[PDB]
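Chemist: Structure file work.pdb, PDB, C-alpha atoms, is pasted below:
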MODEL        1
ATOM      1  CA  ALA P   2       0.000   0.000   0.000  1.00  0.00           C
ATOM      2  CA  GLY P   3       3.051   2.277   0.370  1.00  0.00           C
ATOM      3  CA  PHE P   4       6.853   2.611   0.248  1.00  0.00           C
ATOM      4  CA  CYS P   5       7.411   2.886   4.025  1.00  0.00           C
ATOM      5  CA  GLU P   6       8.656  -0.665   4.734  1.00  0.00           C
ATOM      6  CA  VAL P   7      10.835  -0.973   1.614  1.00  0.00           C
ATOM      7  CA  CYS P   8      12.348   2.461   2.308  1.00  0.00           C
ATOM      8  CA  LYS P   9      13.346   1.396   5.820  1.00  0.00           C
ATOM      9  CA  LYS P  10      14.775  -1.949   4.649  1.00  0.00           C
ATOM     10  CA  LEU P  11      16.811  -0.198   1.900  1.00  0.00           C
ATOM     11  CA  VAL P  12      18.152   2.652   4.058  1.00  0.00           C
ATOM     12  CA  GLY P  13      18.990  -0.057   6.639  1.00  0.00           C
ATOM     13  CA  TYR P  14      21.123  -1.954   4.110  1.00  0.00           C
ATOM     14  CA  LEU P  15      22.923   1.260   3.140  1.00  0.00           C
ATOM     15  CA  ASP P  16      23.542   2.326   6.753  1.00  0.00           C
ATOM     16  CA  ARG P  17      25.043  -1.116   7.544  1.00  0.00           C
ATOM     17  CA  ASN P  18      27.214  -1.238   4.409  1.00  0.00           C
ATOM     18  CA  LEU P  19      28.294   2.391   3.778  1.00  0.00           C
ATOM     19  CA  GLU P  20      30.486   4.663   5.927  1.00  0.00           C
ATOM     20  CA  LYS P  21      29.055   7.951   7.218  1.00  0.00           C
ATOM     21  CA  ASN P  22      31.480  10.165   5.266  1.00  0.00           C
ATOM     22  CA  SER P  23      30.518   8.726   1.862  1.00  0.00           C
ATOM     23  CA  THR P  24      30.329  11.101  -1.114  1.00  0.00           C
ATOM     24  CA  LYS P  25      27.117  11.669  -3.104  1.00  0.00           C
ATOM     25  CA  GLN P  26      28.608   9.564  -5.942  1.00  0.00           C
ATOM     26  CA  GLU P  27      29.336   6.661  -3.572  1.00  0.00           C
ATOM     27  CA  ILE P  28      25.780   6.927  -2.141  1.00  0.00           C
ATOM     28  CA  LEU P  29      24.346   6.960  -5.709  1.00  0.00           C
ATOM     29  CA  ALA P  30      26.336   3.831  -6.688  1.00  0.00           C
ATOM     30  CA  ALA P  31      25.225   1.985  -3.534  1.00  0.00           C
ATOM     31  CA  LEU P  32      21.593   3.064  -3.853  1.00  0.00           C
ATOM     32  CA  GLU P  33      21.358   1.732  -7.427  1.00  0.00           C
ATOM     33  CA  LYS P  34      22.688  -1.700  -6.263  1.00  0.00           C
ATOM     34  CA  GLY P  35      21.034  -1.884  -2.798  1.00  0.00           C
ATOM     35  CA  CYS P  36      17.654  -3.199  -3.914  1.00  0.00           C
ATOM     36  CA  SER P  37      19.367  -6.460  -5.041  1.00  0.00           C
ATOM     37  CA  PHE P  38      20.380  -7.155  -1.435  1.00  0.00           C
ATOM     38  CA  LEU P  39      16.865  -6.917   0.016  1.00  0.00           C
ATOM     39  CA  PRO P  40      14.784 -10.095   0.165  1.00  0.00           C
ATOM     40  CA  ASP P  41      13.670 -10.991  -3.351  1.00  0.00           C
ATOM     41  CA  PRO P  42       9.956 -10.257  -2.790  1.00  0.00           C
ATOM     42  CA  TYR P  43      11.005  -6.568  -2.413  1.00  0.00           C
ATOM     43  CA  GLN P  44      13.066  -6.214  -5.625  1.00  0.00           C
ATOM     44  CA  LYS P  45      10.701  -4.515  -8.121  1.00  0.00           C
ATOM     45  CA  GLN P  46       8.980  -2.442  -5.405  1.00  0.00           C
ATOM     46  CA  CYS P  47      12.408  -1.293  -4.226  1.00  0.00           C
ATOM     47  CA  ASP P  48      13.495  -0.466  -7.825  1.00  0.00           C
ATOM     48  CA  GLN P  49      10.326   1.668  -8.120  1.00  0.00           C
ATOM     49  CA  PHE P  50      10.865   3.354  -4.756  1.00  0.00           C
ATOM     50  CA  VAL P  51      14.465   4.215  -5.746  1.00  0.00           C
ATOM     51  CA  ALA P  52      13.411   5.560  -9.157  1.00  0.00           C
ATOM     52  CA  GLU P  53      10.767   7.864  -7.587  1.00  0.00           C
ATOM     53  CA  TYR P  54      12.769   9.077  -4.586  1.00  0.00           C
ATOM     54  CA  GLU P  55      16.381   8.985  -5.825  1.00  0.00           C
ATOM     55  CA  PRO P  56      17.061  12.782  -5.801  1.00  0.00           C
ATOM     56  CA  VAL P  57      15.742  13.291  -2.233  1.00  0.00           C
ATOM     57  CA  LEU P  58      17.501  10.106  -1.051  1.00  0.00           C
ATOM     58  CA  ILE P  59      20.909  11.386  -2.222  1.00  0.00           C
ATOM     59  CA  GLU P  60      20.368  14.741  -0.563  1.00  0.00           C
ATOM     60  CA  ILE P  61      19.268  13.354   2.824  1.00  0.00           C
ATOM     61  CA  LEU P  62      21.679  10.371   2.990  1.00  0.00           C
ATOM     62  CA  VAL P  63      24.752  12.680   2.954  1.00  0.00           C
ATOM     63  CA  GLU P  64      23.517  14.132   6.258  1.00  0.00           C
ATOM     64  CA  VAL P  65      21.814  11.212   8.027  1.00  0.00           C
ATOM     65  CA  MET P  66      21.450   7.441   7.462  1.00  0.00           C
ATOM     66  CA  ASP P  67      18.939   6.439  10.181  1.00  0.00           C
ATOM     67  CA  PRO P  68      16.268   4.320   8.398  1.00  0.00           C
ATOM     68  CA  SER P  69      13.254   5.514  10.447  1.00  0.00           C
ATOM     69  CA  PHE P  70      14.132   9.215  10.269  1.00  0.00           C
ATOM     70  CA  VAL P  71      15.219   9.316   6.599  1.00  0.00           C
ATOM     71  CA  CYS P  72      12.057   7.545   5.464  1.00  0.00           C
ATOM     72  CA  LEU P  73       9.903   9.854   7.633  1.00  0.00           C
ATOM     73  CA  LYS P  74      11.596  13.061   6.386  1.00  0.00           C
ATOM     74  CA  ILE P  75      11.267  12.180   2.671  1.00  0.00           C
ATOM     75  CA  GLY P  76       7.580  11.315   3.134  1.00  0.00           C
ATOM     76  CA  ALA P  77       7.836   7.577   2.432  1.00  0.00           C
ATOM     77  CA  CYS P  78       6.681   6.874   6.020  1.00  0.00           C
ATOM     78  CA  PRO P  79       4.037   6.495   7.283  1.00  0.00           C
ATOM     79  CA  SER P  80       2.228   4.504   4.522  1.00  0.00           C
TER      80      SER P  80
ATOM     81  CA  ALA T   2       4.894   4.466 -15.254  1.00  0.00           C
ATOM     82  CA  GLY T   3       5.876   2.637 -12.036  1.00  0.00           C
ATOM     83  CA  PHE T   4       3.089   0.046 -11.879  1.00  0.00           C
ATOM     84  CA  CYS T   5       2.745  -0.660 -15.620  1.00  0.00           C
ATOM     85  CA  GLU T   6       4.595  -3.998 -15.916  1.00  0.00           C
ATOM     86  CA  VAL T   7       3.255  -5.439 -12.649  1.00  0.00           C
ATOM     87  CA  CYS T   8      -0.300  -4.451 -13.666  1.00  0.00           C
ATOM     88  CA  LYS T   9      -0.023  -6.342 -16.972  1.00  0.00           C
ATOM     89  CA  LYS T  10       1.484  -9.403 -15.239  1.00  0.00           C
ATOM     90  CA  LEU T  11      -1.293  -9.441 -12.623  1.00  0.00           C
ATOM     91  CA  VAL T  12      -4.206  -8.827 -15.040  1.00  0.00           C
ATOM     92  CA  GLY T  13      -2.516 -11.464 -17.213  1.00  0.00           C
ATOM     93  CA  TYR T  14      -2.911 -13.908 -14.316  1.00  0.00           C
ATOM     94  CA  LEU T  15      -6.573 -12.936 -13.827  1.00  0.00           C
ATOM     95  CA  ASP T  16      -7.371 -13.222 -17.553  1.00  0.00           C
ATOM     96  CA  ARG T  17      -5.923 -16.753 -17.464  1.00  0.00           C
ATOM     97  CA  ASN T  18      -7.805 -17.782 -14.302  1.00  0.00           C
ATOM     98  CA  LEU T  19     -11.233 -16.118 -14.574  1.00  0.00           C
ATOM     99  CA  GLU T  20     -14.158 -16.525 -16.967  1.00  0.00           C
ATOM    100  CA  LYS T  21     -15.540 -13.484 -18.843  1.00  0.00           C
ATOM    101  CA  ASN T  22     -18.598 -13.084 -16.591  1.00  0.00           C
ATOM    102  CA  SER T  23     -17.099 -13.797 -13.156  1.00  0.00           C
ATOM    103  CA  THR T  24     -18.883 -12.005 -10.307  1.00  0.00           C
ATOM    104  CA  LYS T  25     -17.291  -8.992  -8.572  1.00  0.00           C
ATOM    105  CA  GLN T  26     -16.923 -11.251  -5.499  1.00  0.00           C
ATOM    106  CA  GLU T  27     -15.025 -13.822  -7.572  1.00  0.00           C
ATOM    107  CA  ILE T  28     -12.783 -11.151  -9.160  1.00  0.00           C
ATOM    108  CA  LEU T  29     -12.012  -9.660  -5.717  1.00  0.00           C
ATOM    109  CA  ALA T  30     -11.048 -13.131  -4.426  1.00  0.00           C
ATOM    110  CA  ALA T  31      -8.716 -13.732  -7.382  1.00  0.00           C
ATOM    111  CA  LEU T  32      -7.244 -10.226  -7.269  1.00  0.00           C
ATOM    112  CA  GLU T  33      -6.347 -10.687  -3.565  1.00  0.00           C
ATOM    113  CA  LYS T  34      -4.589 -14.024  -4.306  1.00  0.00           C
ATOM    114  CA  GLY T  35      -3.088 -13.145  -7.701  1.00  0.00           C
ATOM    115  CA  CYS T  36       0.066 -11.447  -6.436  1.00  0.00           C
ATOM    116  CA  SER T  37       1.198 -14.732  -4.780  1.00  0.00           C
ATOM    117  CA  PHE T  38       1.331 -16.389  -8.226  1.00  0.00           C
ATOM    118  CA  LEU T  39       3.618 -13.791  -9.880  1.00  0.00           C
ATOM    119  CA  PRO T  40       7.428 -14.268  -9.829  1.00  0.00           C
ATOM    120  CA  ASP T  41       8.998 -13.514  -6.415  1.00  0.00           C
ATOM    121  CA  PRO T  42      10.645 -10.173  -7.478  1.00  0.00           C
ATOM    122  CA  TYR T  43       7.164  -8.699  -8.233  1.00  0.00           C
ATOM    123  CA  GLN T  44       5.352  -9.714  -5.028  1.00  0.00           C
ATOM    124  CA  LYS T  45       5.566  -6.651  -2.695  1.00  0.00           C
ATOM    125  CA  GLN T  46       5.119  -4.253  -5.654  1.00  0.00           C
ATOM    126  CA  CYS T  47       2.052  -6.252  -6.774  1.00  0.00           C
ATOM    127  CA  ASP T  48       0.566  -6.014  -3.250  1.00  0.00           C
ATOM    128  CA  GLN T  49       1.034  -2.223  -3.266  1.00  0.00           C
ATOM    129  CA  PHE T  50      -0.475  -2.015  -6.766  1.00  0.00           C
ATOM    130  CA  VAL T  51      -3.529  -4.052  -5.710  1.00  0.00           C
ATOM    131  CA  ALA T  52      -3.999  -1.987  -2.534  1.00  0.00           C
ATOM    132  CA  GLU T  53      -3.799   1.296  -4.472  1.00  0.00           C
ATOM    133  CA  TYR T  54      -5.930   0.281  -7.487  1.00  0.00           C
ATOM    134  CA  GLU T  55      -8.342  -2.361  -6.125  1.00  0.00           C
ATOM    135  CA  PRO T  56     -11.641  -0.374  -6.425  1.00  0.00           C
ATOM    136  CA  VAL T  57     -11.026   0.592 -10.087  1.00  0.00           C
ATOM    137  CA  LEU T  58      -9.684  -2.882 -10.958  1.00  0.00           C
ATOM    138  CA  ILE T  59     -12.967  -4.445  -9.775  1.00  0.00           C
ATOM    139  CA  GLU T  60     -14.848  -1.714 -11.656  1.00  0.00           C
ATOM    140  CA  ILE T  61     -13.130  -2.478 -15.001  1.00  0.00           C
ATOM    141  CA  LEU T  62     -12.495  -6.263 -14.858  1.00  0.00           C
ATOM    142  CA  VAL T  63     -16.273  -6.930 -15.005  1.00  0.00           C
ATOM    143  CA  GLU T  64     -16.224  -5.226 -18.429  1.00  0.00           C
ATOM    144  CA  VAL T  65     -12.809  -6.168 -19.896  1.00  0.00           C
ATOM    145  CA  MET T  66      -9.877  -8.389 -18.865  1.00  0.00           C
ATOM    146  CA  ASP T  67      -7.246  -7.677 -21.537  1.00  0.00           C
ATOM    147  CA  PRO T  68      -4.024  -6.871 -19.598  1.00  0.00           C
ATOM    148  CA  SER T  69      -2.773  -4.057 -21.883  1.00  0.00           C
ATOM    149  CA  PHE T  70      -6.099  -2.216 -22.200  1.00  0.00           C
ATOM    150  CA  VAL T  71      -7.106  -2.581 -18.513  1.00  0.00           C
ATOM    151  CA  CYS T  72      -3.743  -1.221 -17.339  1.00  0.00           C
ATOM    152  CA  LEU T  73      -3.938   1.674 -19.793  1.00  0.00           C
ATOM    153  CA  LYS T  74      -7.513   2.662 -18.861  1.00  0.00           C
ATOM    154  CA  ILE T  75      -6.885   2.652 -15.087  1.00  0.00           C
ATOM    155  CA  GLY T  76      -3.777   4.769 -15.751  1.00  0.00           C
ATOM    156  CA  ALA T  77      -1.055   2.333 -14.625  1.00  0.00           C
ATOM    157  CA  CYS T  78       0.233   2.279 -18.235  1.00  0.00           C
ATOM    158  CA  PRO T  79       2.206   3.884 -19.797  1.00  0.00           C
TER     159      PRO T  79
ENDMDL
END
Now that the file is in, can you turn its structure into structure tokens?
Modeler:
Amino acid sequence: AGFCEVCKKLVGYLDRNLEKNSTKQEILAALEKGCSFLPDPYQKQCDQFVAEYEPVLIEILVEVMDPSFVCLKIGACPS
Amino acid sequence: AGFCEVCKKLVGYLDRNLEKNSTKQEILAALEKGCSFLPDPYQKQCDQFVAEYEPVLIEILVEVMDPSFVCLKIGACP
């Protein structure tokens, strides 16, 4: 019904696997591979989420990588 | 454009599994099981698609069940 759960799973994977002082380019690269590392049921939903939110994801992730807060701030959560 | 391919895959499943004059109750039942029959990568996206579009899907599938046209008319495609 919404992108809230997939957003939190994806930002979780990034937070665990990226360092905090990653460049925008490094965040971009990771974001466009990260969906593949979520459980398979999430793949195409995650690809869609990333396509729709990619600009705002890049801009927030440089500052903060907390899954709950990032997803809240960008408007993916609640829903 | 986001839901276009999942819509066609799901309505594809319904087309294959429902007769032309299925009741709204029978279409609802199929629609709410259909996502589980699509390939694993499409599952969570299909659920979100069904949740978002379920009223209009019921509305149209009584009339027409062609995947491409149904998905176009409801606005999932292109």
Chemist: Just want the 10 Å neighbourhood of range 40-54 of chain T, counted on all atoms listed in the file, with same-chain residues fewer than 3 positions away dropped. Output as number ranges by chain.
Modeler: P: 2-4, 7, 37, 40-50; T: 3-8, 10-11, 32-37, 57-59, 75-77
Chemist: Any chance you could work out the axis-aligned box around range 10-21 of chain P, listed atoms only, 4 Å on each side, giving centre and edge lengths in Å to one decimal, as AutoDock Vina command-line options?
Modeler:
--center_x 22.6 --center_y 3.0 --center_z 4.7 --size_x 23.7 --size_y 17.9 --size_z 13.6
Chemist: Quote the spacing between CA of residue 38 in chain T and CA of residue 68 in chain T in Å to one decimal place.
Modeler: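 Atom-to-atom, CA of residue 38 in chain T and CA of residue 68 in chain T are spaced 15.8 Å apart.
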Chemist: Using only C-alpha atoms for the distances, tell me which of P:53, P:16, P:64, P:27 is nearest to chain T.
Modeler: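 Ranked by minimum distance to chain T, first place goes to P:53.
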Chemist: Quick one: of P:52, P:77, P:62, P:72, who's nearest to residue 26 in chain P, counting all atoms listed in the file?
Modeler: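 Of P:52, P:77, P:62, P:72, the one nearest residue 26 in chain P is P:62, counting all atoms listed in the file.
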Chemist: Restricting the calculation to all atoms listed in the file, which member of P:66, P:75, P:8, P:15 is positioned closest to residue 35 in chain P?
Modeler: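 Of P:66, P:75, P:8, P:15, the one nearest residue 35 in chain P is P:15, counting all atoms listed in the file.
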Chemist: Quick one: residues within 12 Å of residue 67 in chain P, only C-alpha atoms counted, chain neighbours fewer than 6 positions away excluded, as a PDB file with C-alpha atoms, in the coordinates of the input?
Modeler:
ATOM      1  CA  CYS P   8      12.348   2.461   2.308  1.00  0.00           C
ATOM      2  CA  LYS P   9      13.346   1.396   5.820  1.00  0.00           C
ATOM      3  CA  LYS P  10      14.775  -1.949   4.649  1.00  0.00           C
ATOM      4  CA  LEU P  11      16.811  -0.198   1.900  1.00  0.00           C
ATOM      5  CA  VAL P  12      18.152   2.652   4.058  1.00  0.00           C
ATOM      6  CA  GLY P  13      18.990  -0.057   6.639  1.00  0.00           C
ATOM      7  CA  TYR P  14      21.123  -1.954   4.110  1.00  0.00           C
ATOM      8  CA  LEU P  15      22.923   1.260   3.140  1.00  0.00           C
ATOM      9  CA  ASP P  16      23.542   2.326   6.753  1.00  0.00           C
ATOM     10  CA  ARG P  17      25.043  -1.116   7.544  1.00  0.00           C
ATOM     11  CA  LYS P  21      29.055   7.951   7.218  1.00  0.00           C
ATOM     12  CA  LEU P  58      17.501  10.106  -1.051  1.00  0.00           C
ATOM     13  CA  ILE P  61      19.268  13.354   2.824  1.00  0.00           C
ATOM     14  CA  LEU P  73       9.903   9.854   7.633  1.00  0.00           C
ATOM     15  CA  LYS P  74      11.596  13.061   6.386  1.00  0.00           C
TER      16      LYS P  74
END
Chemist: Of the residues T:2, T:16, T:27, T:9, which is the one nearest to chain P, using all atoms listed in the file?
Modeler: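 Counting all atoms listed in the file, the residue closest to chain P is T:2.
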Chemist: Can you list what the PyMOL selection byres ((chain T and resi 61) around 12) grabs from this structure, as a list in words?
Modeler: residues 12, 21, 25, 28, 29, 54, 55, 56, 57, 58, 59, 60, 62, 63, 64, 65, 66, 67, 68, 70, 71, 72, 73, 74, 75 and 76 of chain T
Chemist: If you keep C-alpha atoms, can you produce a file of those selected residues as a PDB file, in the coordinates of the input?
Modeler:
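What follows is the written file result.pdb:
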ATOM      1  CA  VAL T  12      -4.206  -8.827 -15.040  1.00  0.00           C
ATOM      2  CA  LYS T  21     -15.540 -13.484 -18.843  1.00  0.00           C
ATOM      3  CA  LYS T  25     -17.291  -8.992  -8.572  1.00  0.00           C
ATOM      4  CA  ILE T  28     -12.783 -11.151  -9.160  1.00  0.00           C
ATOM      5  CA  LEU T  29     -12.012  -9.660  -5.717  1.00  0.00           C
ATOM      6  CA  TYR T  54      -5.930   0.281  -7.487  1.00  0.00           C
ATOM      7  CA  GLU T  55      -8.342  -2.361  -6.125  1.00  0.00           C
ATOM      8  CA  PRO T  56     -11.641  -0.374  -6.425  1.00  0.00           C
ATOM      9  CA  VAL T  57     -11.026   0.592 -10.087  1.00  0.00           C
ATOM     10  CA  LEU T  58      -9.684  -2.882 -10.958  1.00  0.00           C
ATOM     11  CA  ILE T  59     -12.967  -4.445  -9.775  1.00  0.00           C
ATOM     12  CA  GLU T  60     -14.848  -1.714 -11.656  1.00  0.00           C
ATOM     13  CA  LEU T  62     -12.495  -6.263 -14.858  1.00  0.00           C
ATOM     14  CA  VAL T  63     -16.273  -6.930 -15.005  1.00  0.00           C
ATOM     15  CA  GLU T  64     -16.224  -5.226 -18.429  1.00  0.00           C
ATOM     16  CA  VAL T  65     -12.809  -6.168 -19.896  1.00  0.00           C
ATOM     17  CA  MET T  66      -9.877  -8.389 -18.865  1.00  0.00           C
ATOM     18  CA  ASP T  67      -7.246  -7.677 -21.537  1.00  0.00           C
ATOM     19  CA  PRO T  68      -4.024  -6.871 -19.598  1.00  0.00           C
ATOM     20  CA  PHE T  70      -6.099  -2.216 -22.200  1.00  0.00           C
ATOM     21  CA  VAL T  71      -7.106  -2.581 -18.513  1.00  0.00           C
ATOM     22  CA  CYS T  72      -3.743  -1.221 -17.339  1.00  0.00           C
ATOM     23  CA  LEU T  73      -3.938   1.674 -19.793  1.00  0.00           C
ATOM     24  CA  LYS T  74      -7.513   2.662 -18.861  1.00  0.00           C
ATOM     25  CA  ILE T  75      -6.885   2.652 -15.087  1.00  0.00           C
ATOM     26  CA  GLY T  76      -3.777   4.769 -15.751  1.00  0.00           C
TER      27      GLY T  76
END
Chemist: Could you tell me how far CA of residue 31 in chain P lies from CA of residue 65 in chain P, in Å and to one decimal?
Modeler: 15.2 Å
Chemist: Could you work out how far CA of residue 69 in chain P lies from CA of residue 25 in chain P, giving the answer in Å with one decimal?
Modeler: 20.3 Å
Chemist: Between P:57, P:34, P:19, P:80, which has the minimum distance to chain T (counting only C-alpha atoms)?
Modeler: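 Of P:57, P:34, P:19, P:80, the one nearest chain T, counting only C-alpha atoms, is P:80.
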Chemist: Of the residues P:5, P:71, P:51, P:78, which is the one nearest to residue 29 in chain P, using all atoms listed in the file?
Modeler: P:51
